[PDB]
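Just the one chain here, laid out as structure tokens, in the form solved without this ligand.
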């Protein structure tokens, strides 16, 4: 197996730690959802190729501009995360996270991931957002942002229900394998 490195970036409200935990755990966290994620080396077989994918989180590093880039050396694929229940986290992608990722990781594929897709049709989420003249992120808004920032692709998932989680990581492995 070849070794590839994945790093997930995005605002704290995007659920990046939850996504890494749910993919790596083996049996969903039914009793306790961990606060933090250390690291993990996933054994993935995608399109007949065996890869060891090391997974890393940037959670806790958002306010520390000189510590955060130490997570970037030799990254093969970037997961740029936002939450579908937070249009504000999508708005932080093009001029906060994207210029940083392109400076420290030139030529590294970025996959824009819209997390918490289950909240798109949640009435509590729709009510809370409507109080700030907002609504859940629409699929076309996610796709247009991925297009605008030069992302390799756009994907959606729900860490809560596990839907679309496996597909994100298999695609991230394919992206890390490309020239």
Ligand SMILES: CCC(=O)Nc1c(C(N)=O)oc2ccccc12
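Numbering follows the first chain given and starts at 1. Shifts are known only where both forms have a C-alpha. Basically, rigid core = biggest C-alpha set you can superpose within 1.5 Å across the two forms.
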Name the higher of the two by mean Cα B-factor in the PDB entry, 121 to 129 versus 136 to 144.
-> 121 to 129
Comparing 18 to 26 with 165 to 173, the one whose average Cα B-factor in the PDB entry is higher = 18 to 26
What third of its chain's C-alpha B-factors does residue 38 belong to: lowest, middle or highest?
-> lowest
Third of the chain's Cα B-factor distribution that residue 3 belongs to, per the entry = highest
Going by what the PDB entry lists, where does residue 76 fall on CA B-factor within its chain: lowest, middle or highest third?
-> lowest
Can you tell me which third, lowest, middle or highest, the CA B-factor of residue 31 falls into for its chain?
-> highest
For residue 159, the third of its chain into which the C-alpha B factor falls | middle
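From this point on, the text means the form solved in complex with this ligand, which you will not see here.
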May I ask you to check whether residue 134 falls inside a 4.5 Å heavy atom distance of this ligand in the deposited bound form?
-> no
Although this ligand is absent from this view, report whether residue 128 comes within 4.5 Å of it in the deposited bound form, heavy atoms only.
-> no
Should residue 65 be counted as a contact of this ligand in the deposited bound form, where contact means heavy atoms within 4.5 Å?
-> yes
Heavy atom to heavy atom, is residue 100 within 4.5 Å of this ligand in the deposited bound form?
-> yes
Which residues, if any, of 149 to 177 lie within 4.5 Å of this ligand in the deposited bound form when only heavy atoms count?
-> none
Among 26, 38, 140, 123, the C-alpha that moves by 2 angstroms or more between the shown form and the other one, rigid core fixed, is that of 26
Do any runs of 3 or more residues shift their CA by 2 Å or more between the shown form and the other one on a core fit, and if so, which ones, in sequence order?
-> 26 to 28
